[PDB]
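Below are the chains, spelled out letter by letter.
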Amino acid sequence: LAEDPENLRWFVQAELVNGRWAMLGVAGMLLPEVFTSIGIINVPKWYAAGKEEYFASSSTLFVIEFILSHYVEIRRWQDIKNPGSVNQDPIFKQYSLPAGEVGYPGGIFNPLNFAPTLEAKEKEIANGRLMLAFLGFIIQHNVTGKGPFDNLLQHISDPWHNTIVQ
Amino acid sequence: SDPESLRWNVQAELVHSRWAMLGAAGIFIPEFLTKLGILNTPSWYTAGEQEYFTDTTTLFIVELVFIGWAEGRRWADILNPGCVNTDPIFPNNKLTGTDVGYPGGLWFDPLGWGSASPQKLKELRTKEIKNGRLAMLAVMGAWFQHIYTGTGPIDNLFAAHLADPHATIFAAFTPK
Amino acid sequence: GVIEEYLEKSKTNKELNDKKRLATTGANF
Amino acid sequence: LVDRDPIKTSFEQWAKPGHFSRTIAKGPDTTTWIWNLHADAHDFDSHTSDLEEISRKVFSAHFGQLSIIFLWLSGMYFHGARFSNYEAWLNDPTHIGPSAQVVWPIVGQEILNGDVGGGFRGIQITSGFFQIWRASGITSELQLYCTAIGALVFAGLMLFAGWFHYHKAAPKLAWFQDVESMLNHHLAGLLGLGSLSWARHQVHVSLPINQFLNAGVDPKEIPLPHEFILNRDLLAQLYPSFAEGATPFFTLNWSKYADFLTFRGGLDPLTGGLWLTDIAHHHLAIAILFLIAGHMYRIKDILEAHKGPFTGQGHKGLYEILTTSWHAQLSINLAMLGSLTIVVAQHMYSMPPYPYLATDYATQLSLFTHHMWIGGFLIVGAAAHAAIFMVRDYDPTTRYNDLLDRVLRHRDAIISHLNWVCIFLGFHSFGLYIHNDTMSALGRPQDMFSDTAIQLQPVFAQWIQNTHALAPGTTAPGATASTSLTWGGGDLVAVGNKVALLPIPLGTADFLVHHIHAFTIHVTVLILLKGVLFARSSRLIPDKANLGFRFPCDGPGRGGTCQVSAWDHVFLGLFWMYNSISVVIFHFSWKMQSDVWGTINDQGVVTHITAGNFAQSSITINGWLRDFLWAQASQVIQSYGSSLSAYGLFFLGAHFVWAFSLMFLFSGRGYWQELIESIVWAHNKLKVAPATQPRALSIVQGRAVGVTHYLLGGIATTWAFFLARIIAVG
Amino acid sequence: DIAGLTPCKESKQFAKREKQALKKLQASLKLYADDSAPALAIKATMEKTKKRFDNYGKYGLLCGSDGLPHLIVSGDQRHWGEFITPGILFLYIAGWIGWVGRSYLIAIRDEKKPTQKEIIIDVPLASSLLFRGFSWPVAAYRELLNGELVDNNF
Amino acid sequence: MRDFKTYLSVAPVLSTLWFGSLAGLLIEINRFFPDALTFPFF
Amino acid sequence: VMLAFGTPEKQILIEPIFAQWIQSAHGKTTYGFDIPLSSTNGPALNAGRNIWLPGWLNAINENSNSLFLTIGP
Ligand code: CLA
Ligand SMILES: CC(=CC=C/C(C)=C/C=C/C=C(C)/C=C/C=C(C)/C=C/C1=C(C)CCCC1(C)C)/C=C/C1=C(C)CCCC1(C)C
Ligand SMILES: CC(=CC=C/C(C)=C/C=C/C=C(C)\C=C\C=C(C)\C=C\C1=C(C)CCCC1(C)C)/C=C/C1=C(C)CCCC1(C)C
Ligand SMILES: CC1=C(C/C=C(\C)CCC[C@H](C)CCC[C@@H](C)CCCC(C)C)C(=O)c2ccccc2C1=O
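Definitions and limits used
- Residues numbered from 1 in each chain as written, not as in the entry; some residues may be left out.
- Chains lettered and ligands numbered in written order.
- Part of a larger assembly, values for the part shown.
- Heavy atoms only, no water.
- Residues with missing side-chain atoms left out of burial classes, pairs and counts.
- UniProt positions renumbered as here; feature names shortened; annotations may be inferred.
- Helix = DSSP H or I, 4+ residues; strand = E, 2+ residues; numbered from the N terminus.
- Rg over C-alpha atoms; globule rule 2.2 N^0.38 Å.
- Near = heavy atom within 4 Å.
- Polar contact = N/O pair within 3.5 Å; in protein donor to acceptor, adjacent residues only side chain to side chain.
- Nonpolar A, V, L, I, M, F, W, Y, C, P; charged D, E, K, R; others polar.
- Contact = heavy atoms within 4.5 Å.
- Buried area = accessible area lost by both parts, 1.4 Å probe.
- Salt bridge = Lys/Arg side-chain N within 4 Å of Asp/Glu carboxyl O.
- 1 Å grid on protein atoms, 1.4 Å probe; cavity = no way out; pocket = protein on both sides within 12 Å on 5 of 7 lines; lining within 4 Å.
- Points joined across faces, edges and corners; volume = space filled by probe spheres on them.
- Buried < 20%, exposed > 50% of the residue type's maximum accessible area, 1.4 Å probe, protein only.
- Areas by Shrake-Rupley, 256 points an atom, 1.4 Å probe, with all protein chains shown as cover.
- Donors = N, O, S within 2.8 Å, 3.2 Å for Na, K, Ca; no water.
- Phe/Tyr/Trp six-rings, centres within 6.5 Å; stacked < 30°, edge-to-face > 60°.
- Axes fitted to C-alpha atoms, helices over the stretch in contact; angles between N-to-C directions.
- Parallel < 35°, antiparallel > 145°, perpendicular 65-115°, else oblique.
- Left-handed = near helix turned anticlockwise from the far one by under 90°.

The annotation that UniProt attaches to chain D under Subcellular location is "Plastid, Chloroplast thylakoid membrane". Heading Sequence similarities of the UniProt record for chain D holds this comment: "Belongs to the PsaA/PsaB family."

What UniProt states about chain B under its Subcellular location (unreviewed entry) heading is, verbatim, "Plastid, Chloroplast thylakoid membrane". Recorded in UniProt under Sequence similarities (unreviewed entry), the annotation for chain B is "Belongs to the light-harvesting chlorophyll a/b-binding (LHC) protein family."

Below, the structure is given as structure tokens:
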């Protein structure tokens, strides 16, 4: 007998998790542009600490890392079904405990709210999308090239290039 | 005895015709206006002189980004808002229909007298030559053939040939 | 295309041409 | 029906569930009615209880055949033109090996397109245009390209005569329900005025334009597009401009001639397609009759006349209702049209009528089996539709006590005989062969049935063949050879590429096939005869005309009570005939190649596609896959990677499609129901089925999808088996 | 690499196939087209199966004996997208055949007499529920198993 | 002339302008890549 | 369709992997091949050897009567 727009919690979240990890995603780039120098795929190995002991390996620099993340990630699941995270800023966003205009079922279109301080994650909405779709762009044009813009000598007009494989 | 044909959206084809041929109005006189030898000769070395070409198929984007914006946002809101779901007011939506657009909304309305009417007088202009464009660019858009086809020597394709007096092209007039 | 002089120096010409005695046909016979 | 009779709308019926009997397609949804609708789409027990229209439809929806045969032929003249090979092949016959069709090299395709003659890639032909086309008192590729649109002309117009009927407010009764003249007209001037007209454009133009082709040239080094008018000056070579005669009669002198005709019989040395110097005379000598003939006559009178004692009192009155039937005057026709097609299939192969046939082997046996399946597929029909009469057509019973009411009177009788006829045959007509196996595999030839063991002795000869090739010495005038070169007496010399026809000998292994045909032709007919006869009433069911001539089967009782009906007698009578024809074919080529087709060289030491292997070895019915099926067919199962390949590559499908028929033929019905629900269940769980109540096949639909498949399977199988053993050696 | 042999980089048996076989194709010393403009074995049909030289791309591709190429696809050494790449593809395409199957269907059974609307078609292909498929991100991978088609409706 | 919440009808076999065509455009991808048996990507 | 059409290539033909597989974990000591933990040695059995699987269940490829026939598409 259930009709239309339901979901409640759901993937309103997903967006604000994608964009905030798309924002902090392009923060991966950023660096190699004003003073260009080091970039592309890099296989970075990140930034690297001191010159004492390491040499290419010293074991997996991430698998040991992500066990920690784990039981600090299922904690949003330790949240999304039954709300709980003192700050309370994604599940519905802040302002304390409001947005129950969608927490107890019955959305339909609901835009929402949040931040005792002035406005909202609202013009921190756009900045969510532009970054989720920017990656789109960012890892779209690798497969062919890796640098952005110069001036009017012989770059910003596109001369001759190789196309896709075939 | 006659076809059950009149589309009901027979109403749409015609304001699709104001598209094709008012648009093709901006073709008949810019083309056949030319300017033969204004003083004489076109010399176009400018935004195409020496910068490795200019357009062609980067022409299409720059052409049809804002023509995409122009044509796109045309029939969508020529008038119709309301736009939802269930039952018919007959064309194949008319979900606006009895509702103009918004009950107590804003300035959805252009002009007075509870309508969109730009008064009753203006049947004079846009009936004749402007829908003449329809019946003009009909055979004068079918001058297309005469103007080029016959492929000025260079090219005969699957040679049947089948006849030979003399050539055919364009410039105006005719032998005889 | 791309032009250098002058769509022509001396314009289009002898390709219809007939002029002094436009003859052939009206004539021949 | 309903919306919105009657006077009050133009406004056409597009939208509102159904039409076709009256608690019709019901509001309530179902699938069966989608095979309904197409099936029985044409029928008449519905549309209206009143003749009238129906003949007003059938004279229209007829029309669109001619128009079609007409859109067809065009794409064949066009095709036999600019997708050329005809120009190329004609200056160069004996040599070429013709094409009209060619692929386009998309995906795998191209293998199918393999050098065919006047220098190009394509797929061959066994459909003897390029040979009617000899005709062209003219030649030229773009020309056929006029004959072609001349085709699309007749069409659009001979297709707007079908607008210019039913849809236009129609004629009525009298118009056909006065029959009085019909054949008067038809046979007189068309039957006549074609054959006639065909005469005029069969010596005028064609004769001369292959009178001096049968030698060399390259066309337009001959036969202009007008040239053949008043100019009766080239008609000078091929007889007089009548010189001093005036409109036949006699006060004529021949000290040395006798107009064109000068009758032939035999076969051109250089183009053995039978002579043309005749072909005018015979068509002329036709038409006359038709010209005189179609001049009866006005109807009863002649049939209202000769009766007797046991004869046919009802002969007299043999149907008012033969102006009031159709289903009757169609079924009669099919027996003739149909039976008058496979009489083609002989006079063709033992008397070619086109230049270059025989030599052309494969381009006239295709023929002799295509024409062969119509002179059969049209005959079982010619029974079906009588069943359709016998059940219903007339209003009441006004027709009475006559030739029929007679035949029926006996009926457990005419079919009582005929039966034993078949088991007499069969035992004399097949186990005959089985002797051989059982006793040649036992092995004692002394006692087989060989063309040599059981008493017959190195001659067949003395019968009637030997008094045919030898008859040009009766009332017979004559003309070197016979009538059909395949007859006993005299002559040999026929053709200079390969061979054509010669005697064709007999005895046994010709004796007994010829008899299996009997028993095969007979038990076919038993089942159609008894089928159409017992159409409406019987002592298994009398309450048995009560629906229609179909109906599945009356019901589990009476013992069986299933097959009965006569849709079904015309369902198991197809089943045979598929054999009737399918084994007659099997006959001709195994002969026509075991002997005849083969080939000359020095001392014309003849070398058949097979040194007569037939001899002692079709008599064994294994020899029929020792010598046939396993012998030839080795060209079908070698055929991969070639040009024809599309045959071997069919021969697996369609040799599959058949072996899919049995599933439709051999199975129940609430079965695929019982199954179709398990399905319908799993369907509902996801929420994906109910709407349009999915249903299994309509008992007799099921039989419809037997049969039809069993044939388009079991048939093209050989259509492949064949074209693959005449293309390439033979 | 695995059971058959190695790819194209070397495959003797495979080579011989290239060569006889096709090229016999040849086979027609001439057969007339000295300059002539139709009979196209000549150009490609060969060269389109042929200029497919010691290159076909390079694809790995295992090639057994007689050197016709076999498909492993076990996701290793090279061969991964001989099933998955064109596998998810088969999945994604279908399922957006029947996601809309369960759509220009679950949109009708209502309003007024809806008893065969389907022998004609309301929006052709559905051309409304159309893209619902590419406009499946996640989709049935959640909303099928939770709600709507919900165990309830199960 | 067609806005929102399903549209106009169509015949019995518009599938014969859907088998023929659409599908038909696909030979049109099976000659652009005149070949398959794995595939490069984009 | 691909043969007949001239193209023996293009032929679709899957090796019977999970088949031969069962047997390179037996005795099908066909033209080597490791397999991660097995290699064709280092680990063999360790827990098994000169008892049990001696000459038997060691027919291998044996083109004549090897027990297991060497499976393909
Ligand atoms: C002069 C002849 C001719 C004419 C005008 C008719 C006319 C008629 N026949 Mg009839 N018939 C004929 C010859 C003719 N028949 C012959 C030779 C036979 C012997 C087979 C029959 C056996 C027959 C039967 C058993 C029935 C009729 C019935 C009918 C009536 C139904 C028509 C219908 O709905 O189409 C029917 C056609 C279809 C529904 C189309 C399906 C065709 C399929 C099977 C395809 C054939 C295979 C082919 C290779 C497929 C195409 C290629 C594919 C692989 C791509 C109609 C009055 C029916 C009736 O009930 O009487 C009122 C009854 O069913 N006929
Ligand atoms: C109009 C006409 C005509 C004609 C003529 C004609 C009218 C002819 C026709 C003919 C016909 C024919 C010749 C037929 C044909 C047929 C066919 C060819 C077919 C075949 C077939 C078969 C065998 C079967 C089926 C299939 C098919 C179809 C293939 C004319 C008229 C007239 C007049 C009045 C005036 C004066 C002159 C005249 C002349 C006197
Ligand atoms: C598997 C198949 C097929 C098969 C097939 C086979 C396996 C077989 C078939 C067959 C068919 C036929 C067969 C038809 C036809 C025809 C014709 C055209 C004929 C003709 C003729 C005539 C004229 C008469 C008689 C003789 C003959 C036959 C010659 C397919 C499958 C599929 C899939 C995967 C999925 C999707 C769909 C498809 C794509 C579809
Ligand atoms: C197998 C078998 C069946 C089962 C056969 C069935 C159900 C065939 C009907 C299948 C239909 C034709 C499938 C139609 C579905 C498609 C047309 C829908 C999608 C449209 C296309 C785009 C695919 C019978 O119903 C039957 C009845 C009586 C005697 C013997 C048998 C018999 O042997």
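After presenting the structure, the write-up continues.
Outline the overall build of chain D, supporting the account with residue identities and numerical values.
A count of helices and strands for chain D gives 24 helices and two strands. The C-alpha atoms of chain D give 30 Å as radius of gyration, which agrees with the globular expectation for 730 residues (27 Å, within 12%). Dimensions of chain D, computed from the C-alpha atoms along their principal axes, are close to 85 × 75 × 70 Å.

Tell me what's going on with the site of ligand 1, and back it up with residues and numbers.
All names here are of chain D. In the vicinity of ligand 1 there are 17 residues, among which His42, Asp43, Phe377, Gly381 and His385 approach most closely. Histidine 42 places a polar main-chain atom, nitrogen or oxygen, 3.3 Å from an oxygen atom of ligand 1. Residue assignment for the shell around ligand 1 shows that the elements contributing at least two residues are α11 (327-339), α14 (381-391) and α24 (708-722). Considering each element in turn, the shell around ligand 1 owes the most residues, three residues, to α14. When grouped by side-chain class, the residues that make up the shell around ligand 1 number nine nonpolar, six polar and two charged.

Which residues make up the interface of chain E and chain D, and what values go with them?
Counting residues at the interface gives 17 residues for chain E, matched by 18 residues for chain D. With both sides pooled, the region where chain E packs onto chain D buries about 1,500 Å², and carbon together with sulfur makes up 55% of that total. Linking chain E with chain D are zero salt bridges. Taken together, chain E and chain D are joined by four residue pairs in polar contact. Of the residues that constitute the side of chain E that touches chain D, the class distribution is nine nonpolar, four polar and four charged.

Explain empty space enclosed by the protein to me, and be specific about the residues and the numbers.
The rolling of a water-molecule-sized probe over the atoms marks out the regions of remaining empty space. All names here are of chain D. Of the voids in this model, the largest cavity is the one considered here, and its volume is about 70 Å³. The residue inventory of the lining of the largest cavity, partitioned by class, reads five nonpolar, three polar and two charged. The calculated volume of the second largest cavity comes to roughly 60 Å³. Taken together, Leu267, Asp268, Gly272, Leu357, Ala358, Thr359, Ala494, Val495, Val499 and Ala500 make up the full set of residues lining the second largest cavity.

Explain the environment of D:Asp268 to me, using residue names and the numbers behind them.
All names here are of chain D. Locating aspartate 268 in the fold gives a position in the loop between α9 (196-199) and α10 (276-291). With a relative accessible area of 12%, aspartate 268 lands in the buried category. As a C-alpha pair, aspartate 268 and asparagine 214 span 54 residues in sequence and 8.9 Å in three-dimensional space. Aside from chain neighbours lying at most four places away, what touches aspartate 268 is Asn214, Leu274 and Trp275.

So, unusual backbone geometry: which residues are in play, and what are the values?
Residue and element names in this part refer to chain D. Of the consecutive residues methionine 296 and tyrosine 297, the connecting peptide bond is found in the cis state with omega at 10°. Note that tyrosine 297 resides in the loop between β2 (292-293) and α11. Look at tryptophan 104: it is not a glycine, yet its phi comes out positive at around 95°. Examined against the element boundaries, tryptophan 104 turns out to sit in the loop between α4 (86-91) and α5 (141-153). The exposed category is assigned to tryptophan 104, whose relative accessible area is 69%.

Can you tell me about the site of ligand 2, naming the residues and giving the values?
What surrounds ligand 2 is the set D:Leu190, D:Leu193 and D:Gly194. Look at ligand 2: alone it shows 950 Å² of surface, and the protein chains cover 19% of it.

Let's hear about the coordination of the magnesium atom of ligand 1: which residues, and what values?
Where a metal carries four tetrahedral donors, each ideal angle is 109.5 degrees; where it carries six octahedral donors, the ideal angles are 90 or 180 degrees. Just one protein atom donates to the magnesium atom of ligand 1; it is D:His385 (NE2), sitting 2.7 Å from the metal. On the secondary structure map, D:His385 appears in helix α14.

Any chance you could break down the arrangement of the chains for me, citing the residues and the numbers?
Where the twelve pairs of chains in contact are concerned, the greatest contact count is recorded for chains D and E. Separated in space, chain C and chain F share no contact, their closest pair of C-alpha atoms being 30 Å apart.

Break down helix α1 (residues 53-61) of chain D for me, citing the residues and quoting the values.
When we look at burial in α1(D), the residues that qualify are D:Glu53, D:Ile54, D:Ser55, D:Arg56 and D:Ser60. Here the buried face of α1(D) lies against α6 (163-167) and α7 (173-177) of chain D.

How would you explain the packing of aromatic side chains if you had to name every residue and give the values?
All names here are of chain D. Taken as a whole and judged by the stated rule, the model has 55 aromatic pairs over all chains. Ring geometry for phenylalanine 660 versus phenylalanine 664: centroids 5.8 Å apart, planes at 70°, classification edge-to-face. Pair noted here: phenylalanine 660 and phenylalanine 664 are both in helix α21 (residues 658-665), with a separation of four residues, about one helical turn. Overall, the relative accessible area of 30% leaves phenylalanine 660 in the partly exposed class. By relative accessible area, which is 24% here, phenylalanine 664 ends up partly exposed. An aromatic cluster is built from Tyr77, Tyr86, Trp89, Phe129, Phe130, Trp133 and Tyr356, whose rings are joined through pairwise contacts.

Could you give an account of the packing of α11(D) against α14(D), naming the residues involved and the relevant values?
Residue and element names in this part refer to chain D. Close contact between α11 and α14 brings their axes to 7 Å; oriented N to C, the two are set at 160°. Looking at the two axes, α11 sits roughly antiparallel to α14. Here α11 runs over α14; the crossing is left-handed. Two secondary-structure elements touch here, α11 through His327, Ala328, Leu330, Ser331, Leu334 and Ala335 and α14 through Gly381, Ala382, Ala383, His385, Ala386, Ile388 and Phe389. By residue class, the composition of the contact of α11 with α14 is nine nonpolar, four polar and no charged.

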